[PDB]
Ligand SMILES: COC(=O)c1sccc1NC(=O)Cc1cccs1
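Form deposited without the ligand, single chain, as structure tokens, below.
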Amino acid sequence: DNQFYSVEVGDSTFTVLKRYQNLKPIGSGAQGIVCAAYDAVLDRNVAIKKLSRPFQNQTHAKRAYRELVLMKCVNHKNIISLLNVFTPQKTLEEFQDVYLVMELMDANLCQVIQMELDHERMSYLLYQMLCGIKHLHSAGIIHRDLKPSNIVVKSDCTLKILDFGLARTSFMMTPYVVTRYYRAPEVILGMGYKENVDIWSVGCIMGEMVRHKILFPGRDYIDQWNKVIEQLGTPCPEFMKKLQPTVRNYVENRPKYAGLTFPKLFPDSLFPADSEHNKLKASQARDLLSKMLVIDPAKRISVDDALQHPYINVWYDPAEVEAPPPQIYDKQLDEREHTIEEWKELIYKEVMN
């Protein structure tokens, strides 16, 4: 007898606890392979993510460790939570893989982006990204890495945020390019950041939901900055005052743009606007977009003010907005350094307890 069985999914061997049957590959993004499965114990479908040798490098290890600790201690309906965690291997030396069991969602935002949402759904989705984000922030976690693939949705329009973003700290042998499209200027230009760095990302997603195309589709940070300033224009003088002379020199010496206006960037043809209701919602949609998509974060709308916005406020709920902050025991979580052997032991201790 063993508690586990093994089966192929694409070119991966899933070795899972017998309670999980009928594995369907629902995707293979960044962290590994993810399967849908039926869980005979709880009598429901779940998602199962396989981490292969998470401790193989310092990025995979810090992200995998961080993911485990946070997925345990945060309890909010807009952030995926762990149903179960396991490893098939019996001891620390044999130890290879970690399996994360999460509640199953129906899709991510990349798929929603290709649909035309009514205002009521779009406002709701966005309200839930806000509550998810506020919660993280109320516990010292700034994401800095929201994108459509890290945000999953249900058919009844419920939404959860998949991962916990970047830490406060690196090279990788991968075929997978990283997405920078949703990165805030203060991250791009490297000038330091605060809470509302995440609201640049939300504004990028929201703009994409409307226009059905990526707002700022650059191949590198240079090409990215170019696309930012074509659309929104060259930022004003007082923003430039905040850039280090090295980067400031570069920024200052780029071709200038007055930039497009929000009605021009986002015509009424893109929003439902047949009824008066829709007409009014559409102007409130642009109003908010014009406050999230501000380059100078001294002049960008904050999380709470966005929750306060008329387009959003429809759904406001204190139970959801001011849920008690998650308690994190690790406390050196964001900035800890270890070798790969030390990571293996930390991860293993986490999977085991």
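The first residue of the shown sequence is 1; numbering continues from there. Between two forms, the rigid core is defined as the largest C-alpha subset superposing within 1.5 Å.
One more form of this protein should be noted, the form solved in complex with the ligand, which is absent from this view; the next part is about it.
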Legend entry - Which of 279 to 287, 263 to 271, 95 to 103, 123 to 131 sits within 4.5 Å of the ligand in the bound PDB entry, heavy atom basis: 95 to 103
Inset, instruction - Determine whether any heavy atom of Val152 comes within 4.5 Å of a heavy atom of the ligand in the bound PDB entry, and answer yes or no. - result: yes
Legend entry - the ligand contact at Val321 in the bound PDB entry, heavy atom, 4.5 Å: no
Legend entry - Exercise: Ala107 in contact with the ligand in the bound PDB entry, heavy atom 4.5 Å: yes
Inset, instruction - Indicate whether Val202 is a 4.5 Å heavy atom neighbour of the ligand in the bound PDB entry. - result: no
Inset, instruction - Check, residue by residue, if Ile26, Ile80 and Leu162 all come within 4.5 Å of the ligand in the bound PDB entry, counting heavy atoms only. - result: yes
Inset, instruction - Could you work out which of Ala47, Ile312, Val294, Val303 is the residue within 4.5 angstroms of the ligand in the bound PDB entry, going by heavy atoms? - result: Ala47
Legend entry - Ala30 C-alpha moves between the shown form and the other one by 2 Å or more, core aligned: yes
